[PDB]
């Protein structure tokens, strides 16, 4: 490019920056093409073009002006890229703001979508504010290849679509531009199928939706509603390995954490809305908005010391009682809690406070409701046609046809969408077995094997691997968490090694072992020492997340206190011991709302949590215990740097089944960061109980779960103990400890204490 052209840009004289900025073809070779990307980045000193799906990164060069950049790249197609932009000492990675000159679908958009590879399809499908033929308005487009007709109905034409019939393109997608309407518009698609049957559909790519049970889509100007402040958070994320950091997750169902009064409006970020009543049976109560949750949940979590909040699915879902697991509006956060920008504010404020956001994501199925994706165009469009692979009969839901390109594309782009538009830090997929097996919950003779005669759902396995491949390429540094309950191998291993490509897997066997263990009367735990120790036998086959989830405190399972045997004191003590053990055992941590303050009742998704309990000392003491445990966790590198390496853990001894005692070391990079952990899982205290340690010196008691400030009896070792030169447990030194009742000790060598 010329200096004259560059200056026209720099001085705002150019007639159309899209002619010069963005990606432009320069020439076609035999086997490849030459492209240039140009960007004008005022304040940037350096920039790079990332091609994350090819794993390449090329520098851009300043051309004629220090903030005007060009990058010449040869590759057969340049569909997928990002700009990395350095301003002083900070880097951000963004999509190119000049990537798409037209609001309408181009030939290239349609081709990529037909192949299942349009990672940004939601920029074109759905509803977008833009300009066509010189007039402002909204462009709508929808995939519905077998429909006979489609119209746009909405507020703007009183729900009569005769003058807003859409145009079909390439026998696949319907489009229409409507002038002079804007964001806030309420609409649906009216579809006639091949039988002449007419019906009404929410927008599958819609960005906002009426409050359930109403289902019309709402047009959102999604790139001009919120201003973010989280660049430094996102840079740190992208440059860090989360597997090596503390990850302590507070799992939250937004609709049931805290309720407000329905006798007042729901406040929003700079606005307000009508209250959303929680249920007709509890009509005095309303949900809190994303905005109110940002103001209340976030400081609560920050003070407790968790690193992350994990949300039960917030994608739009018609029924409270599915807990979010039956989604019908995959591209919009639920309007129960307000608008898209209020959720963006929640995430921004999490990042301002140093807290990451993980979203439960539901790609495994969708329910039958007629406003949603089912039988979309008068054929089995989203779902597979054969019910033996296309329905989960025991659940009454439909299963995506992962093999069908535009369906795969809906889902792959949907995951990316949450990271792009809402800046989230991770996803968790519930029930991964439900996608992986062709015989999932199906009786003999009511499913068919794959082409090699196996039970593996080939198409789903491929989809899962593609999702995880793309997620990590576009958003390095994120968490991708699976719950898979059949010992499928290499869940949390890279795709290049025959894995599914998640980075963490819930240790459901650990969870069962531990909760089954603690539910046993302590005298009988001597017969089940193996519950304590067994999970370490297979631990290194995955990267495990130790989760005590929502699923474990419903349906007659009790809340954590009620699972524990004995009187009120021992119930609390058993909670403290279990969770101190969980936080010291290798792996990342997740626990569910209400567990941190000892709610007695099961989680009830129709009410809010029993916050009045926090008026009372035992509940306040447990909450302090977790606050301090989380603080320790973040303070001690041996609790997080080497979770997934042999170095990070070693048993000291696990043979004393008769007293239900175990002990172990955690390690990090510095040998002085080593910790000794001692667990006593009955209410019998022990005096002069020896434990082997590897070095001489004074071992400080960093943490004692029996401290009086946590509700314990305050037995302990008075702050620490000097090791004896008395060999024990095959180690040259040993500590002669008092073991408090139903309690866990964490000790650390202070190699500078004065003898």
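Positions refer to the first chain, counted from 1.
The stretch with the higher mean CA B factor, choosing between 711-719 and 724-732, is 724-732. When the C-alpha B-factors of 679-687 and 464-472 are averaged, 679-687 comes out higher.
By the numbers in the PDB entry, the CA B factor is greatest at 699 among 48, 35, 699, 69. Taking the deposited Cα B-factors for 308, 212, 90, 296, the highest one is held by 90. Among the modelled residues of its chain, residue 619 has a C-alpha B-factor that falls in the middle third, as given in the PDB entry. When the modelled residues of the chain are ordered by C-alpha B-factor, residue 52 sits in the middle third.
Among all modelled residues in its chain, residue 525 ranks in the middle third by Cα B-factor. Compared with the other modelled residues of the chain, the Cα B-factor recorded for residue 516 ranks in the middle third. Among all modelled residues in its chain, residue 39 ranks in the lowest third by Cα B-factor.
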